[PDB]
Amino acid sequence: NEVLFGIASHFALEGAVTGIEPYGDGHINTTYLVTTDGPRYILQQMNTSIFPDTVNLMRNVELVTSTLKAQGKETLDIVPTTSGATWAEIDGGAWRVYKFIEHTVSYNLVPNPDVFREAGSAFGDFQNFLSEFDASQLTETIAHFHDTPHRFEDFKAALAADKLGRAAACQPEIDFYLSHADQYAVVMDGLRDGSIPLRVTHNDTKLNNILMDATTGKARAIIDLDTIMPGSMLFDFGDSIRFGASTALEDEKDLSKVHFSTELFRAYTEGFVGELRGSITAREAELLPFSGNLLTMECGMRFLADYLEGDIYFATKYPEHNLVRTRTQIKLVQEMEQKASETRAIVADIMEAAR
(Lines of atoms letter the chains of each structure in order from A and count residues from 1; the text may use other names and numbers.)
(Lines give C-alpha, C1' and ligand atoms only; values in the text may rest on other atoms or scores of the structure.)
Protein backbone atom coordinates (compact mmCIF):
# COMPACT_ATOMS: atom_id res chain seq x y z
CA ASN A 1 0.00 0.00 0.00
CA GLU A 2 3.00 2.19 0.64
CA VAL A 3 4.50 0.99 -2.62
CA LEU A 4 1.09 0.93 -4.35
CA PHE A 5 0.42 4.60 -3.53
CA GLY A 6 3.91 5.32 -4.79
CA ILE A 7 3.21 3.51 -8.04
CA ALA A 8 -0.08 5.41 -8.33
CA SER A 9 1.76 8.75 -8.05
CA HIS A 10 3.30 8.11 -11.47
CA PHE A 11 -0.05 8.53 -13.21
CA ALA A 12 -2.20 11.58 -13.98
CA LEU A 13 -5.13 10.55 -11.77
CA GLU A 14 -7.85 13.21 -11.46
CA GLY A 15 -8.54 12.60 -7.76
CA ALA A 16 -6.49 12.31 -4.57
CA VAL A 17 -5.88 8.62 -3.89
CA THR A 18 -7.61 7.26 -0.79
CA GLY A 19 -7.20 3.51 -1.29
CA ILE A 20 -5.80 0.67 -3.40
CA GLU A 21 -6.78 -2.98 -3.15
CA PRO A 22 -6.45 -6.15 -5.27
CA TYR A 23 -9.45 -6.54 -7.55
CA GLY A 24 -11.16 -8.97 -9.93
CA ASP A 25 -10.63 -12.60 -10.85
CA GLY A 26 -7.97 -12.27 -13.56
CA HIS A 27 -4.81 -14.37 -13.43
CA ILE A 28 -2.42 -12.89 -16.01
CA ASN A 29 -2.21 -9.27 -14.87
CA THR A 30 -1.98 -8.28 -11.20
CA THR A 31 -5.05 -6.09 -10.87
CA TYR A 32 -5.93 -3.41 -8.33
CA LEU A 33 -8.90 -1.15 -7.69
CA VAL A 34 -7.83 2.48 -7.05
CA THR A 35 -10.30 4.72 -5.17
CA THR A 36 -9.91 8.53 -5.15
CA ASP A 37 -11.83 11.52 -3.79
CA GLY A 38 -13.40 11.42 -7.22
CA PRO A 39 -13.31 8.78 -9.98
CA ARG A 40 -12.05 5.22 -9.64
CA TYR A 41 -9.26 3.57 -11.62
CA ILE A 42 -7.84 0.20 -12.59
CA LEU A 43 -4.11 -0.16 -11.89
CA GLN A 44 -2.30 -3.19 -13.29
CA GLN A 45 1.16 -4.64 -13.13
CA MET A 46 1.57 -6.21 -16.56
CA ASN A 47 2.83 -9.77 -17.06
CA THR A 48 6.25 -9.18 -18.63
CA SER A 49 7.06 -12.89 -18.57
CA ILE A 50 4.30 -13.58 -21.10
CA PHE A 51 4.47 -10.12 -22.65
CA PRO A 52 8.13 -9.01 -22.55
CA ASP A 53 7.60 -6.36 -25.24
CA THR A 54 5.48 -3.85 -23.29
CA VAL A 55 6.11 -1.01 -25.75
CA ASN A 56 4.61 -2.94 -28.68
CA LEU A 57 1.71 -4.31 -26.63
CA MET A 58 0.72 -0.86 -25.34
CA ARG A 59 1.07 0.54 -28.86
CA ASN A 60 -1.50 -2.06 -30.00
CA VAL A 61 -3.82 -1.20 -27.12
CA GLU A 62 -3.47 2.54 -27.80
CA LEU A 63 -4.21 2.20 -31.51
CA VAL A 64 -7.41 0.15 -31.06
CA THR A 65 -8.74 2.14 -28.10
CA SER A 66 -8.11 5.43 -29.92
CA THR A 67 -10.12 4.29 -32.95
CA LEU A 68 -13.04 3.38 -30.70
CA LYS A 69 -12.92 6.63 -28.68
CA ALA A 70 -12.76 8.74 -31.84
CA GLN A 71 -16.05 7.08 -32.86
CA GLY A 72 -17.70 7.63 -29.47
CA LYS A 73 -17.55 3.95 -28.46
CA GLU A 74 -16.91 2.90 -24.85
CA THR A 75 -13.59 1.10 -24.40
CA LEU A 76 -10.48 0.99 -22.23
CA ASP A 77 -9.36 4.56 -21.50
CA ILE A 78 -5.65 4.68 -20.70
CA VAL A 79 -4.65 7.16 -17.99
CA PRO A 80 -1.16 8.49 -18.93
CA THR A 81 1.88 8.77 -16.66
CA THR A 82 2.78 12.24 -15.38
CA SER A 83 5.33 12.21 -18.22
CA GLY A 84 2.65 11.44 -20.81
CA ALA A 85 3.43 7.76 -21.40
CA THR A 86 0.75 5.05 -21.71
CA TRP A 87 2.57 3.02 -19.05
CA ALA A 88 5.48 3.24 -16.60
CA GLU A 89 8.48 1.10 -15.68
CA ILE A 90 8.79 1.26 -11.89
CA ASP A 91 11.37 -0.75 -9.97
CA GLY A 92 11.52 -3.57 -12.51
CA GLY A 93 7.76 -3.58 -13.01
CA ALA A 94 5.55 -2.55 -15.92
CA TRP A 95 2.40 -0.75 -14.70
CA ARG A 96 -0.58 0.84 -16.45
CA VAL A 97 -3.81 2.59 -15.40
CA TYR A 98 -7.27 2.49 -16.98
CA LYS A 99 -10.37 4.45 -16.07
CA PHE A 100 -12.63 2.13 -14.10
CA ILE A 101 -15.61 1.16 -16.25
CA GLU A 102 -18.45 1.73 -13.78
CA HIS A 103 -21.85 0.09 -13.32
CA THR A 104 -21.12 -3.28 -14.94
CA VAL A 105 -21.34 -6.98 -14.25
CA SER A 106 -19.55 -9.83 -16.00
CA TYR A 107 -19.65 -13.64 -16.05
CA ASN A 108 -17.10 -16.46 -15.64
CA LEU A 109 -19.17 -18.98 -17.59
CA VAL A 110 -22.23 -18.78 -19.83
CA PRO A 111 -25.30 -18.63 -17.52
CA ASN A 112 -27.90 -18.79 -20.31
CA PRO A 113 -28.53 -18.10 -24.03
CA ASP A 114 -29.63 -14.46 -23.51
CA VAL A 115 -26.30 -13.58 -21.87
CA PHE A 116 -24.44 -15.50 -24.59
CA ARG A 117 -26.33 -13.57 -27.28
CA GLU A 118 -25.24 -10.38 -25.54
CA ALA A 119 -21.63 -11.60 -25.53
CA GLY A 120 -22.07 -12.13 -29.26
CA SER A 121 -23.41 -8.61 -29.67
CA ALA A 122 -20.45 -7.21 -27.74
CA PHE A 123 -17.82 -8.71 -30.07
CA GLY A 124 -19.92 -8.08 -33.17
CA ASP A 125 -20.00 -4.42 -32.16
CA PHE A 126 -16.25 -4.53 -31.46
CA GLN A 127 -15.65 -5.92 -34.97
CA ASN A 128 -18.12 -3.52 -36.61
CA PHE A 129 -16.45 -0.39 -35.33
CA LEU A 130 -12.96 -1.68 -36.16
CA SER A 131 -13.99 -2.75 -39.69
CA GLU A 132 -12.26 0.30 -41.19
CA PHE A 133 -9.16 -0.05 -39.00
CA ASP A 134 -6.01 -1.24 -40.76
CA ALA A 135 -5.41 -4.33 -38.64
CA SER A 136 -1.96 -4.84 -40.17
CA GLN A 137 -0.74 -1.93 -38.01
CA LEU A 138 -0.96 -4.24 -35.00
CA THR A 139 2.13 -6.27 -34.05
CA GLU A 140 1.82 -10.00 -33.32
CA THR A 141 2.06 -9.97 -29.50
CA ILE A 142 2.02 -13.76 -29.30
CA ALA A 143 3.30 -15.08 -32.64
CA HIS A 144 1.23 -17.70 -34.48
CA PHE A 145 -1.40 -17.67 -31.74
CA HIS A 146 -4.33 -18.92 -33.83
CA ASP A 147 -2.17 -20.19 -36.69
CA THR A 148 -3.62 -23.69 -36.55
CA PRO A 149 -1.14 -25.22 -39.00
CA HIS A 150 1.64 -23.84 -36.79
CA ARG A 151 -0.04 -25.33 -33.70
CA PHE A 152 -0.30 -28.68 -35.50
CA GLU A 153 3.42 -28.63 -36.23
CA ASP A 154 3.92 -28.06 -32.51
CA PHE A 155 1.62 -31.01 -31.83
CA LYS A 156 3.47 -33.27 -34.26
CA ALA A 157 6.78 -32.28 -32.66
CA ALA A 158 5.43 -33.20 -29.21
CA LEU A 159 4.10 -36.48 -30.59
CA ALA A 160 7.41 -37.39 -32.23
CA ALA A 161 9.29 -36.61 -29.04
CA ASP A 162 6.81 -38.55 -26.83
CA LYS A 163 8.98 -37.52 -23.88
CA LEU A 164 6.85 -39.20 -21.22
CA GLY A 165 5.89 -42.24 -23.28
CA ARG A 166 2.27 -41.12 -23.00
CA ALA A 167 1.45 -41.54 -26.70
CA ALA A 168 0.81 -45.25 -26.21
CA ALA A 169 -2.13 -44.32 -23.97
CA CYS A 170 -3.90 -41.90 -26.34
CA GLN A 171 -3.81 -43.38 -29.83
CA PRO A 172 -7.49 -42.60 -30.52
CA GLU A 173 -6.96 -38.96 -29.49
CA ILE A 174 -3.80 -38.68 -31.57
CA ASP A 175 -5.46 -40.25 -34.62
CA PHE A 176 -8.31 -37.78 -34.32
CA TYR A 177 -5.91 -34.88 -34.81
CA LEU A 178 -3.76 -36.60 -37.46
CA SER A 179 -6.83 -37.56 -39.49
CA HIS A 180 -8.09 -33.95 -39.54
CA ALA A 181 -4.76 -32.57 -40.83
CA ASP A 182 -6.10 -31.28 -44.16
CA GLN A 183 -8.60 -29.05 -42.30
CA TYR A 184 -6.20 -26.86 -40.29
CA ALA A 185 -5.16 -24.41 -43.04
CA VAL A 186 -8.64 -23.18 -44.12
CA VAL A 187 -8.61 -19.75 -42.44
CA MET A 188 -4.87 -19.09 -42.78
CA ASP A 189 -5.14 -19.84 -46.53
CA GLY A 190 -8.06 -17.43 -46.94
CA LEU A 191 -6.23 -14.64 -45.14
CA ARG A 192 -3.13 -15.13 -47.31
CA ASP A 193 -5.00 -15.00 -50.64
CA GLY A 194 -7.51 -12.29 -49.65
CA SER A 195 -10.65 -14.45 -49.63
CA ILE A 196 -10.94 -13.71 -45.90
CA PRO A 197 -10.62 -10.11 -44.56
CA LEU A 198 -7.77 -9.25 -42.23
CA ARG A 199 -9.41 -7.77 -39.14
CA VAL A 200 -8.50 -6.90 -35.56
CA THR A 201 -8.71 -10.00 -33.35
CA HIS A 202 -9.03 -10.02 -29.55
CA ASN A 203 -7.90 -13.59 -28.82
CA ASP A 204 -9.31 -13.89 -25.30
CA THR A 205 -13.08 -13.74 -25.83
CA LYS A 206 -13.98 -15.38 -22.49
CA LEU A 207 -16.93 -13.58 -20.84
CA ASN A 208 -14.68 -12.33 -18.02
CA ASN A 209 -13.50 -9.79 -20.57
CA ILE A 210 -16.98 -8.57 -21.55
CA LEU A 211 -18.51 -5.92 -19.31
CA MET A 212 -22.28 -5.70 -19.45
CA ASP A 213 -24.49 -3.04 -17.88
CA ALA A 214 -25.27 -3.68 -14.21
CA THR A 215 -28.93 -2.68 -14.75
CA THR A 216 -29.86 -3.35 -18.39
CA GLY A 217 -27.62 -6.38 -18.95
CA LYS A 218 -26.61 -4.88 -22.29
CA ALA A 219 -23.03 -5.16 -23.53
CA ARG A 220 -20.95 -2.14 -22.47
CA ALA A 221 -17.26 -2.67 -23.30
CA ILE A 222 -14.60 -5.18 -24.31
CA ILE A 223 -11.60 -5.27 -21.94
CA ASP A 224 -8.33 -7.20 -21.48
CA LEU A 225 -6.70 -6.03 -24.70
CA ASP A 226 -3.27 -7.64 -24.08
CA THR A 227 -3.67 -10.11 -26.94
CA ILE A 228 -5.05 -7.77 -29.61
CA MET A 229 -3.52 -8.85 -32.97
CA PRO A 230 -4.25 -9.02 -36.68
CA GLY A 231 -6.02 -12.16 -37.88
CA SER A 232 -9.53 -13.24 -38.86
CA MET A 233 -12.56 -12.44 -36.72
CA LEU A 234 -13.26 -16.16 -37.26
CA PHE A 235 -10.50 -16.88 -34.71
CA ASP A 236 -12.57 -15.02 -32.13
CA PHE A 237 -15.99 -16.31 -33.17
CA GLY A 238 -14.73 -19.90 -33.43
CA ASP A 239 -13.18 -19.76 -29.97
CA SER A 240 -16.30 -18.26 -28.38
CA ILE A 241 -18.30 -21.18 -29.79
CA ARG A 242 -15.69 -23.63 -28.47
CA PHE A 243 -16.05 -22.65 -24.81
CA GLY A 244 -19.45 -20.94 -24.95
CA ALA A 245 -21.71 -23.31 -26.87
CA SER A 246 -20.62 -26.35 -24.85
CA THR A 247 -23.08 -27.92 -22.42
CA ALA A 248 -20.14 -28.84 -20.20
CA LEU A 249 -16.96 -27.64 -18.57
CA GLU A 250 -13.68 -27.80 -20.46
CA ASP A 251 -12.47 -30.60 -18.16
CA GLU A 252 -15.71 -32.59 -17.76
CA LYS A 253 -14.72 -36.23 -17.18
CA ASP A 254 -18.17 -37.59 -18.09
CA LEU A 255 -18.37 -37.27 -21.89
CA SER A 256 -22.09 -38.08 -21.99
CA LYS A 257 -22.57 -34.58 -20.48
CA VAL A 258 -20.45 -32.90 -23.18
CA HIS A 259 -22.49 -31.56 -26.12
CA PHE A 260 -22.33 -28.89 -28.80
CA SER A 261 -25.47 -26.77 -28.26
CA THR A 262 -27.04 -25.41 -31.46
CA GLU A 263 -29.23 -23.22 -29.26
CA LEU A 264 -26.18 -21.50 -27.85
CA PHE A 265 -24.59 -21.43 -31.29
CA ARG A 266 -27.71 -19.69 -32.61
CA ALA A 267 -27.74 -17.24 -29.68
CA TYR A 268 -24.14 -16.10 -30.17
CA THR A 269 -24.58 -15.90 -33.92
CA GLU A 270 -27.77 -13.81 -33.60
CA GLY A 271 -25.96 -11.32 -31.39
CA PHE A 272 -22.73 -11.26 -33.38
CA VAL A 273 -24.11 -11.22 -36.94
CA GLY A 274 -26.77 -8.76 -35.78
CA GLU A 275 -24.08 -6.14 -35.13
CA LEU A 276 -21.75 -7.07 -38.00
CA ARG A 277 -24.23 -7.71 -40.84
CA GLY A 278 -23.08 -4.71 -42.87
CA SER A 279 -19.43 -5.78 -42.86
CA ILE A 280 -19.37 -9.58 -42.73
CA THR A 281 -18.51 -11.20 -46.08
CA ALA A 282 -20.05 -14.17 -47.85
CA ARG A 283 -16.93 -16.28 -47.24
CA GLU A 284 -16.82 -15.27 -43.58
CA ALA A 285 -20.49 -16.12 -43.00
CA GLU A 286 -19.90 -19.42 -44.81
CA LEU A 287 -17.12 -20.28 -42.36
CA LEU A 288 -18.91 -19.35 -39.12
CA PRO A 289 -19.83 -22.94 -38.22
CA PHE A 290 -16.48 -24.39 -39.29
CA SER A 291 -14.62 -21.70 -37.31
CA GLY A 292 -16.03 -23.49 -34.28
CA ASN A 293 -14.59 -26.79 -35.54
CA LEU A 294 -11.24 -25.17 -36.26
CA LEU A 295 -10.63 -23.37 -32.98
CA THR A 296 -11.88 -26.35 -30.98
CA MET A 297 -9.47 -28.69 -32.79
CA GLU A 298 -6.68 -26.16 -32.28
CA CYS A 299 -7.39 -25.98 -28.57
CA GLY A 300 -7.76 -29.75 -28.24
CA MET A 301 -4.49 -30.49 -30.01
CA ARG A 302 -2.75 -28.00 -27.68
CA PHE A 303 -4.08 -29.83 -24.62
CA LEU A 304 -2.94 -33.18 -26.05
CA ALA A 305 0.41 -31.75 -27.06
CA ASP A 306 0.82 -30.45 -23.51
CA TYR A 307 -0.13 -33.87 -22.08
CA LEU A 308 2.54 -35.52 -24.23
CA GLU A 309 5.16 -32.93 -23.15
CA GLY A 310 4.51 -33.31 -19.44
CA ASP A 311 2.01 -30.51 -18.89
CA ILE A 312 4.37 -27.55 -19.25
CA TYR A 313 1.92 -24.97 -20.68
CA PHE A 314 -1.46 -25.42 -18.96
CA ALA A 315 -2.02 -25.69 -15.21
CA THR A 316 -3.04 -29.23 -14.18
CA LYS A 317 -4.64 -30.62 -11.03
CA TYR A 318 -4.05 -34.32 -11.75
CA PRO A 319 -1.83 -36.39 -14.10
CA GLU A 320 -4.42 -36.96 -16.84
CA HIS A 321 -5.95 -33.48 -16.70
CA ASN A 322 -4.88 -32.44 -20.21
CA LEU A 323 -6.04 -35.75 -21.65
CA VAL A 324 -9.48 -35.22 -20.10
CA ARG A 325 -9.48 -31.70 -21.58
CA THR A 326 -8.48 -32.88 -25.05
CA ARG A 327 -11.33 -35.39 -24.90
CA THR A 328 -14.03 -32.77 -24.37
CA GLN A 329 -12.74 -30.79 -27.35
CA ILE A 330 -12.79 -33.93 -29.51
CA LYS A 331 -16.39 -34.69 -28.48
CA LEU A 332 -17.44 -31.12 -29.30
CA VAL A 333 -15.88 -31.17 -32.78
CA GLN A 334 -17.60 -34.46 -33.58
CA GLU A 335 -20.96 -32.98 -32.67
CA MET A 336 -20.20 -29.83 -34.68
CA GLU A 337 -19.40 -32.09 -37.65
CA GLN A 338 -22.65 -33.98 -37.18
CA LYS A 339 -24.70 -30.81 -36.86
CA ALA A 340 -23.24 -29.02 -39.88
CA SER A 341 -26.52 -29.09 -41.82
CA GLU A 342 -28.32 -27.46 -38.91
CA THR A 343 -25.71 -24.78 -38.16
CA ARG A 344 -25.40 -23.84 -41.82
CA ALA A 345 -29.16 -23.31 -41.88
CA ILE A 346 -28.98 -21.29 -38.66
CA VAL A 347 -26.37 -18.93 -40.10
CA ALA A 348 -28.24 -18.59 -43.40
CA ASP A 349 -31.44 -17.75 -41.50
CA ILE A 350 -29.67 -15.24 -39.23
CA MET A 351 -27.91 -13.59 -42.17
CA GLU A 352 -31.13 -12.97 -44.12
CA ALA A 353 -33.00 -11.75 -41.02
CA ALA A 354 -30.30 -9.17 -40.28
CA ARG A 355 -30.91 -8.34 -43.95
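Heads up: residue numbers just count along the shown sequence, starting at 1.
For the higher mean C-alpha B factor in the entry, choose 59 to 67 or 300 to 308.
-> Mean CA B-factor is higher for 59 to 67.
Going by the B-factors listed in the PDB entry, is the mean over the C-alpha atoms higher for 212 to 220 or for 275 to 283?
-> Between 275 to 283 and 212 to 220, it is 275 to 283 that shows the higher mean C-alpha B-factor.
Per the PDB entry, which option out of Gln127, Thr227, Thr82, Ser179 has the greatest Cα B factor?
-> Out of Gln127, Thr227, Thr82, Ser179, the record gives the largest C-alpha B-factor to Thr82.
Per the PDB entry, maximal CA B factor within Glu173, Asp189, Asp204, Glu140 | Answer, based on the entry's C-alpha B-factors: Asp189.
Sorting the chain's modelled residues by C-alpha B-factor, tell me whether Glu153 ends up in the lowest, middle or highest third.
-> For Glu153, whose C-alpha B-factor we compare with every modelled residue in the chain, the answer is the lowest third.
Place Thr31 in the lowest, middle or highest third of its chain's C-alpha B-factors, as listed in the PDB entry.
-> It belongs to the highest third of the chain when residues are ordered by C-alpha B-factor.
Consider only the C-alpha atoms of the modelled residues in this chain, order them by B-factor as the entry records it, and name the third containing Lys339: lowest, middle or highest.
-> It belongs to the middle third of the chain when residues are ordered by C-alpha B-factor.
Among all modelled residues of this chain, ranked by Cα B factor, put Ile346 in the bottom, middle or top third, i.e. lowest, middle or highest.
-> For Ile346, whose C-alpha B-factor we compare with every modelled residue in the chain, the answer is the middle third.
Sort the modelled residues of this chain by their C-alpha B factor and say whether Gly165 lands in the lowest, middle or highest third.
-> For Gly165, the deposited C-alpha B-factor lands in the middle third.
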